[PDB]
Each structure stands twice: as C-alpha cells, then as structure tokens.
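Chemist: The structure under discussion is supplied below as structure tokens; questions concerning it will follow.
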Amino acid sequence: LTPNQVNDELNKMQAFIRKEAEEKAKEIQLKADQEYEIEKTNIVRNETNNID
Amino acid sequence: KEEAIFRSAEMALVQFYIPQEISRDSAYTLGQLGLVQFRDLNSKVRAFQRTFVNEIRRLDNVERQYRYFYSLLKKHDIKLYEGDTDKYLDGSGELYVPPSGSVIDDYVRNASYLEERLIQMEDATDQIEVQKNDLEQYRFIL
Amino acid sequence: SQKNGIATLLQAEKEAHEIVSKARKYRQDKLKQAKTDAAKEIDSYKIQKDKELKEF
Amino acid sequence: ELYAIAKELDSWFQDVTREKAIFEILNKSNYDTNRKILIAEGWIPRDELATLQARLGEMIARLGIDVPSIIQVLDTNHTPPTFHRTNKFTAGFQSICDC
Amino acid sequence: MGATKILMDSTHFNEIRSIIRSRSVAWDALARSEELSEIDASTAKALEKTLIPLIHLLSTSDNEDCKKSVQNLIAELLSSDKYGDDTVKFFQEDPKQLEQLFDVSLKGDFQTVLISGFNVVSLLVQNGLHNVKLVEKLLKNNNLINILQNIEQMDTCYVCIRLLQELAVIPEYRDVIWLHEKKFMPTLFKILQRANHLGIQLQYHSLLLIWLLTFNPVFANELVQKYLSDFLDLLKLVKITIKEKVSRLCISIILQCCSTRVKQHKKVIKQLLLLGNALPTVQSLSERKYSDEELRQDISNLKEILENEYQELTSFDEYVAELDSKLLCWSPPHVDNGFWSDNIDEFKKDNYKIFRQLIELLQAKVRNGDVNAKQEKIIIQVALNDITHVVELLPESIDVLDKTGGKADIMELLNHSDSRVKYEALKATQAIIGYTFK
C-alpha cells in the first residue's frame, strides 16, 4: 500500500508538472497570438500611412 | 514501530520531493516538526552561490534592524513585554505548528519604517541636546 | 517504485522542457507570420489604392 | 512608539529568526532554477516516516494549490547519523554518556 | 480526437457525468414508456448520420429523465475520443442542428443544465462554426447566467468559470463578452476579491479570461474604469496568491491593462499606481524570486513602468498645481523637494510666497473645521509633511511662516487627533524649532 501509494504520488506529481507546463505553454501561445495580431495591425497601419 | 535505548542508535536516509511553490510552507512544516536533517547537497558550492543568498542578505538586514530596535529599547529601558508572548510562540510551535506566513516582505518593510522612526528619534535627541545648550543662554540676566 | 519515481520525475522535467520549447517555437512562428501578414497587408493596401486611382 | 514596538518586537524577532533559518535550510537543500524547486534528500528515522507523511499531507491540504508532497527512501553507503530517543528523565544520562 | 476538449474534468464536472452514466442508462425504458421513438432507443443503445436523429429525439422529448439521459449522451459524445471528431465534423458539416441543440440546452435541473451547457460549449469549441450570435444567445439564458453568478455550489461555480474561460478562446467571441460583461463580470470579481483543485480552477482559469479579455485595449480601458476596486484587489492578489501560475496570470493581466495601447493608459496607470501605493509592492515582488521566465519578464516590465512615478515626481509644475489644487494625495510628487532642488527653487519664488500661499491655504483648511474627516485628515497630513519639508528646505520659508502666523498655528495644532497627523506636525515643529535655535 505505502509503496504503491508512493508510486501513484510520483505519477501524480509528474502529471502535475506536465499540466503546469501545458498550461504555461497554452497561455504563452495565446499571448503570442495576441501580440502577433497587435504587431500586424501596427505594421499594416504604418504601411498604409506610408502608401497613403 | 519506534525504537528506544537498546543498541547502537537508529536512523535512516530519505529523499523528500516537493513542489517549488510550496517550498516555504514545507520548510516551515518540517522545522516545526524538526524530525529531519537535510543533507547539504547544495552546500558543496560556496556560500556566494546560495540560491537564497539575496534573501539571506535581506534577512540579515532585517536582523540588523531588529538589533537596532533592541538597542533602542535597552537605551530607554523598555520592558520588552513581547518576551512573555514569545514563550507562547515557542510553545505554539512545539505543539501545534502554526503557519509561518508569507508576509515576510511586509515585516521587512515594517523594519525599514521602524529604522526611519529610529533616525527621527535620534534627530529629536540631537534637537533636545541643542535646546539644552540653548537653555544655557537663557540663564543670562542683568 | 522509488527508482521509477525518480525516473518519472526526470521524464516530467524533460516533458516540461519540451513544452516550453514548443511554446517558444510557437512564439517565433507567430512573429514570422505577423511579419509575413504585414507584408501581405501592405501589398493589399497598395493594390487597393492603385485601383482607386484608376477608378478616379 | 518604542512601547508599541516592544509589544511585538520579540515576536517579530522570533519570526525573522525562523524565516532566516528556513532560508538557510533551503540554501543547504538541493534545488534547481528551471526545474521544479525544492527537491532534495536528508536524514530521517524510519519510525517518523508515517508522521512526516501525515504532516506533509496536512500541509498540502493547507496549501493553496493541490500539489502532492511525499518522500522517497533510498539506499546509500555514506554513513548515516545517530539519534538517541531522549525521554525526559534519560536525556541527561544520554548527554553525559555522549559528551 | 476532434478540435479540442473541455478543460474542466474534475470535481462535480466529472462526478455528475459518472453518476448519470449509469442511472437508468441505455434509455431502455423507452421500450415500455413508448414516449420515445424506436430510432432514439437504438441510438441510445448504440452510443451506450446519427447526429441529426439524436438531436431531434432529444428536442422533441418532454421527459425529464429522458432529457437528462440525452444530455449525458451528448456530453459524452462531445468528450468521446472515438466520437469527438465525428461530433466536430457534424457541427462543421451541418451546423443547422447546432441552433436546435442550443435551444435544447439551458433546461432541466442543475446537473442537467450543467451537462447541456458543457455539451454546447464543446460543440462551439470547434475551429469552425463560431456562431458568435448563437454564443451570445446561449449566454443570455437565465439558468446558465444564474448558475455562473451563484457560487453556493463551489463545484458548480468552478465548472461555470472553466466553461467561460474555455469559451473565451475565440477572439471574435471575446469581443462579444466585454459588451455583455456586466451580467457576470463582477461575480468573478467577488470570487477573486474573497481569495483543493477547485480553488486552483477558480484562481487560474478565471484569471485566464481576464488575460484574454485584456487583449482588446479598448475593452480593457472600458472595463478598468468601472472596476477600480477590483483592479486594486487584483493588484493585491497578484502577490497574495501562493501558486506561481496565479501570480503569473495576474501579473500578465496587470501589464496588459497598464500597456499604453489603452486610452489614457499613460495617465490611468499613473493614477492607479499612486492611489494604491503599488511602488513598494512592485519593489518587494522584484525582490522575490521568480519561478517563471514569463514572470521575470513581467516583473522587469513592471519595474520599467514604475518610471512613470519618477517622471511624475520630477514634474515640479504638477506638484505646484496639486498644491494649488484643493486636494493632495501624497504622491511621489509630494516628495519633489526631496527628489530634487527644483521644487525648492520653485517654491522660493516671490520671496517665499509660492510656499507661503500653500501654507496659508493649509492653515485656512485647518481653521475650516473639515480636517476631522479621514480623507481630510490624510490631506492635512500631506500638508503637514509638505510644510515640514519646506521648513528644512530654507530658513526663509520658516521666517515667512513665522511672520504669516502659520508656524504658530501649526505649533498650536501639533496635538492633532490623528497619530500620523500628530507625527507629521511634531516633525514640522521640530524642523521649525531646530532652525529657530540655529
């Protein structure tokens, strides 16, 4: 029981680390998409002003 | 199963895995328990390479501020009434393991502010001395 | 098993590093796509302005 | 102001000392920057394993995040420590003997 | 398989599915009740081309138990590994039944309503068939809105919060949320202000939407003004949180809100920083160790943004205007004389008259009898601190105050009721006395 509980706890801790990494990656990807949209909008505005 | 005085004493080696975020809470809980001796695996490096070296310096500054506060209390014969309360805290730690708290930065800022009033009180003492010198001139009379 | 637990911890650290690397790669791809879309938008705006001048 | 400070000066000093001890223990304890921090080994009696697990579980419950916290027992040829179970009336004898 | 999956997979969000996965399962009672069609019973047995018939059977039925069974089946199929792709394709290929499915939801008991909402969200989570208008219509249902607003069942509140956070993935849907924010936004604010795995979802998933909603600078600027107290609470909970993820999300939200892209952002951020005394908190956070590289970047960005306070402090014109203004907030500009000799030089003007006018104004305000108010007490403390700084700035100011009678009035009023006001007045008197004997 105790060694089985220890093994289950180790698997759970590995899963928790994986979940933290996945959540951080998802947040980073969403933030990167938003930043890319903002940068594209700014660059498009600058180019339009240049060609206007 | 616990062992008493019968033969060359008992001990064991164990590795404790803990999450990063709950490190402070786990350390406080272990210290309140006080039933482990962590091997100095990270102490093979020099003290200048300590992970909490900057935090150690901040704690040292807080300790210096507390020493200055104690010096002021002695200089004004303060009763240090919290000494009675400190005994309960030691008893509380030995019995129920109260949480340490994450307000350490708040106490650090409070210590800096206390040092501010300490400097203010020193300036007040200097002004009082100057006034005492000024009072000597008041003795002048025809 | 304790040894299996340590191996799982190492594998979890590796997986976390892989996820962080994937996030960084996604950020780089987002920046590159933003630059490409900016160039495309500049071309589209220039084409629209040229078409408007011809209409005028 | 001094009297008000004295009302909690000793308590604040004790808390600061406890925090400093915790930081010193952490510095001696093994840790990593990129990886999940607070991973290390140490010494502990076999009899205290269950109590340590229960206290760790209670701390995890009191923790703001559901993160498991347990320990692992591993073999090592480095010499272990020695701990004498000191009853209230045999601690003096043990100290005299081990001096 | 499929486009994606629901984030909420713990606590009651899975317990309800587990309880309903076998309670009168397979809908075999339809063979005896005769209320349901044979095709519905066959579909239930198989799931224990078929997308439309199941939806029609669920919509046309009126039995509560049958409705709960149908909702459970729909949620399972949406979450099914071997049927998620099929459901996503059915939604994408023929979104016509999606509106009927949404109409089917938001009905029945609490568990059935939650299951139907989860199924609908999973249906709408696909990369296609956004149906922003349909999403808004589903957001207007009384049952779901009340369930999300109510937090009596913390598991139900967590499920609703996770569903709302998952729904905010679509930027097109995101803009819809801010317009309809007022219905449920401060419910999350109350949840955030009050603050096992349930708490993590309430602390991490809820903040995820705030970071997502902050992506629109116009929406962020609109939301900031109506929730200043919530903004201060978020600033506090940024460091109050124990888990690193919550702190990182809060820091990201704060940085996004403070970004100059918002209207009056360069002014709103400065106003918020001085109002809540966020500079010491930022310094303490920077002193603390960062467990995330993104957290370190956010801390560096906050430290850089803290230069706005320094810029405000150096604005001697701003400090002079605030002194002329009827109110002073003890901002970093209140330390301009200590920050730079420029403030002292400006106050020296007109033979100490720039400072004398402010001193007379403070004396009149003290004689006005309104200083007993707590806000007025803070203003009076700021005025006393300014007078103390002026006295040590130059003996000419002390001479002017003595001539104008302001110094005598301050000495008389040194026994202020407020402890902070009393300390400030004592400091001012000591500065005046120290120069008097010098």
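Please note that chains go A, B, ... in the order of the structure tokens, that every chain numbers its residues from 1, and that ligands are numbered from 1 in the order shown.
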Pick out the residues sitting within 9 Å of range 182-187 of chain E, and hand them over as a short mmCIF file (atom, residue, chain, number, x, y, z; two decimals) with N, CA and C atoms, in the first residue's frame; count only C-alpha atoms, and ignore anything fewer than 3 positions along from it in its own chain.

Modeler:
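Dumped to result_14.cif:
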data_model
loop_
_atom_site.label_atom_id
_atom_site.label_comp_id
_atom_site.auth_asym_id
_atom_site.auth_seq_id
_atom_site.Cartn_x
_atom_site.Cartn_y
_atom_site.Cartn_z
N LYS E 140 -27.27 34.45 -22.80
CA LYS E 140 -28.37 35.21 -22.22
C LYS E 140 -29.36 34.35 -21.45
N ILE E 145 -26.79 31.76 -16.66
CA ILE E 145 -26.27 33.00 -16.09
C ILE E 145 -26.38 32.98 -14.57
N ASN E 146 -27.52 32.52 -14.05
CA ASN E 146 -27.68 32.42 -12.61
C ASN E 146 -26.71 31.42 -12.01
N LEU E 148 -23.75 30.47 -13.14
CA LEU E 148 -22.42 31.07 -13.11
C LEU E 148 -22.32 32.15 -12.05
N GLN E 149 -23.36 32.98 -11.93
CA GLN E 149 -23.36 34.02 -10.90
C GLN E 149 -23.38 33.42 -9.51
N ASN E 150 -24.22 32.42 -9.29
CA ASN E 150 -24.27 31.77 -7.98
C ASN E 150 -22.99 30.99 -7.74
N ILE E 151 -22.49 31.06 -6.51
CA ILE E 151 -21.28 30.34 -6.13
C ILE E 151 -21.58 29.47 -4.92
N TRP E 178 -17.16 41.26 -23.63
CA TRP E 178 -16.97 42.54 -22.94
C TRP E 178 -18.23 43.39 -23.00
N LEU E 179 -18.94 43.36 -24.13
CA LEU E 179 -20.20 44.09 -24.23
C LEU E 179 -21.23 43.54 -23.24
N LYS E 190 -15.95 39.33 -7.30
CA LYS E 190 -16.21 38.94 -5.92
C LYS E 190 -15.47 37.66 -5.56
N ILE E 191 -15.43 36.70 -6.49
CA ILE E 191 -14.69 35.46 -6.25
C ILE E 191 -13.20 35.76 -6.10
N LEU E 192 -12.67 36.64 -6.96
CA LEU E 192 -11.26 37.00 -6.87
C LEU E 192 -10.98 37.82 -5.62
N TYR E 227 -14.22 49.16 -12.61
CA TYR E 227 -13.81 48.19 -11.60
C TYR E 227 -12.48 48.58 -10.98
N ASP E 230 -11.86 46.50 -7.99
CA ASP E 230 -11.43 45.19 -8.46
C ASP E 230 -10.00 45.24 -8.99
#

Chemist: Residues of chain E within 12 Å of chain C, counting only C-alpha atoms, what are they? List them as a PyMOL selection string.

Modeler: chain E and resi 292-294

Chemist: Could you write out the selected residues, including N, CA and C atoms, as a PDB file, in the first residue's frame?

Modeler:
ATOM      1  N   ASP E 292       9.072  31.621 -13.058  1.00  0.00           N
ATOM      2  CA  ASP E 292       8.750  31.535 -14.474  1.00  0.00           C
ATOM      3  C   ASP E 292       9.479  32.634 -15.231  1.00  0.00           C
ATOM      4  N   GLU E 293       9.986  32.279 -16.413  1.00  0.00           N
ATOM      5  CA  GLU E 293      10.647  33.268 -17.258  1.00  0.00           C
ATOM      6  C   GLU E 293       9.674  34.362 -17.675  1.00  0.00           C
ATOM      7  N   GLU E 294       8.437  33.983 -18.002  1.00  0.00           N
ATOM      8  CA  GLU E 294       7.413  34.981 -18.284  1.00  0.00           C
ATOM      9  C   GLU E 294       7.165  35.860 -17.066  1.00  0.00           C
TER      10      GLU E 294
END

Chemist: Tell me, counting only C-alpha atoms, for each residue of chain D within 10 Å of chain E, which pair of atoms is nearest and how far apart they are in Å to one decimal, in rows ordered by chain and increasing number, as a Markdown table.

Modeler:
| residue | atom | partner | partner_atom | distance |
| --- | --- | --- | --- | --- |
| D:33 | CA | E:291 | CA | 7.6 |
| D:34 | CA | E:291 | CA | 7.7 |
| D:35 | CA | E:291 | CA | 9.0 |
| D:36 | CA | E:291 | CA | 8.5 |
| D:37 | CA | E:291 | CA | 8.4 |
| D:60 | CA | E:196 | CA | 9.0 |
| D:61 | CA | E:196 | CA | 7.0 |
| D:62 | CA | E:196 | CA | 8.9 |
| D:63 | CA | E:242 | CA | 7.9 |
| D:64 | CA | E:242 | CA | 5.9 |
| D:65 | CA | E:243 | CA | 6.0 |
| D:66 | CA | E:196 | CA | 5.2 |
| D:67 | CA | E:197 | CA | 8.9 |

Chemist: Counting only C-alpha atoms, collect the residues of chain A whose closest atom lies at most 9 Å from chain D, and write them out as an mmCIF file with N, CA and C atoms, in the first residue's frame.

Modeler:
data_model
loop_
_atom_site.group_PDB
_atom_site.id
_atom_site.type_symbol
_atom_site.label_atom_id
_atom_site.label_comp_id
_atom_site.auth_asym_id
_atom_site.auth_seq_id
_atom_site.Cartn_x
_atom_site.Cartn_y
_atom_site.Cartn_z
ATOM 1 N N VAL A 6 3.190 5.577 -2.880
ATOM 2 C CA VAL A 6 4.326 6.411 -3.265
ATOM 3 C C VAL A 6 4.461 6.463 -4.782
ATOM 4 N N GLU A 9 1.733 8.619 -6.138
ATOM 5 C CA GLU A 9 2.037 10.018 -5.865
ATOM 6 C C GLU A 9 3.111 10.543 -6.806
ATOM 7 N N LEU A 10 4.114 9.720 -7.118
ATOM 8 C CA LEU A 10 5.139 10.135 -8.070
ATOM 9 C C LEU A 10 4.544 10.348 -9.456
ATOM 10 N N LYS A 12 1.450 11.130 -10.047
ATOM 11 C CA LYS A 12 0.618 12.322 -9.940
ATOM 12 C C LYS A 12 1.460 13.590 -9.977
ATOM 13 N N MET A 13 2.624 13.575 -9.328
ATOM 14 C CA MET A 13 3.499 14.741 -9.353
ATOM 15 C C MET A 13 4.044 14.988 -10.752
ATOM 16 N N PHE A 16 1.315 16.550 -12.592
ATOM 17 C CA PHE A 16 1.151 17.947 -12.202
ATOM 18 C C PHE A 16 2.186 18.831 -12.882
ATOM 19 N N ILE A 17 3.431 18.361 -12.965
ATOM 20 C CA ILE A 17 4.459 19.114 -13.679
ATOM 21 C C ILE A 17 4.088 19.246 -15.151
#

Chemist: Enumerate as a list in words the residues belonging to chain B that approach chain E to within 9 Å, with only C-alpha atoms taken into account.

Modeler: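 Close to chain E, chain B has residues 20, 21, 22, 52, 54, 55, 102, 105, 106, 109, 120, 124, 127, 130, 131 and 134 of chain B.
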
Chemist: In range 23-93 of chain D, what's strand (DSSP E or B) per DSSP? Answer as a VMD selection string?

Modeler: chain D and resid 39 to 43 70 to 73 83

Chemist: Residues of chain B near chain C: apply a cut-off of 12 Å, count only C-alpha atoms, and supply the list as a PyMOL selection string.

Modeler: chain B and resi 14-19

Chemist: With N, CA and C atoms retained, could you export that selection as a compact mmCIF listing (two decimals), in the first residue's frame?

Modeler:
# COMPACT_ATOMS: atom_id res chain seq x y z
N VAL B 14 16.42 9.35 3.61
CA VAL B 14 15.22 9.50 2.79
C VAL B 14 15.35 10.77 1.97
N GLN B 15 14.78 10.74 0.77
CA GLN B 15 14.77 11.88 -0.13
C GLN B 15 13.36 12.43 -0.22
N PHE B 16 13.21 13.74 0.00
CA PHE B 16 11.92 14.39 0.00
C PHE B 16 11.76 15.23 -1.26
N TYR B 17 10.78 14.87 -2.09
CA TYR B 17 10.43 15.63 -3.28
C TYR B 17 9.27 16.56 -2.96
N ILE B 18 9.39 17.82 -3.36
CA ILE B 18 8.38 18.82 -3.02
C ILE B 18 8.18 19.77 -4.20
N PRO B 19 7.00 20.35 -4.36
CA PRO B 19 6.81 21.35 -5.41
C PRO B 19 7.53 22.65 -5.07

Chemist: May I have all residues of chain B that DSSP, computed from the backbone, assigns to alpha helix (DSSP H), given as a PyMOL selection string?

Modeler: chain B and resi 23-33+53-75+82-95+104-138

Chemist: Dump as a Markdown table the rows for residues of chain E within 8 Å of chain A: closest atom pair and distance in Å with one decimal, only C-alpha atoms counted, ordered by chain and rising residue number.

Modeler:
| residue | atom | partner | partner_atom | distance |
| --- | --- | --- | --- | --- |
| E:208 | CA | A:27 | CA | 7.8 |
| E:212 | CA | A:30 | CA | 7.9 |
| E:215 | CA | A:34 | CA | 6.3 |
| E:245 | CA | A:24 | CA | 7.8 |

Chemist: Please, could you write that set of residues out with N, CA and C atoms as a JSON list (two decimals), in the first residue's frame?

Modeler:
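Final file, selection26.json:
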[["chain", "number", "residue", "atom", "x", "y", "z"],
["E", 208, "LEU", "N", -7.47, 33.48, -16.47],
["E", 208, "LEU", "CA", -7.15, 33.28, -17.88],
["E", 208, "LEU", "C", -8.04, 34.14, -18.77],
["E", 212, "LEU", "N", -7.20, 37.05, -21.38],
["E", 212, "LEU", "CA", -7.75, 37.01, -22.73],
["E", 212, "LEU", "C", -8.57, 38.26, -23.03],
["E", 215, "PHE", "N", -6.79, 41.46, -24.07],
["E", 215, "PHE", "CA", -6.19, 41.56, -25.39],
["E", 215, "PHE", "C", -6.77, 42.71, -26.20],
["E", 245, "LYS", "N", 1.40, 30.00, -10.93],
["E", 245, "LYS", "CA", 0.59, 30.23, -12.13],
["E", 245, "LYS", "C", -0.37, 31.39, -11.93]]
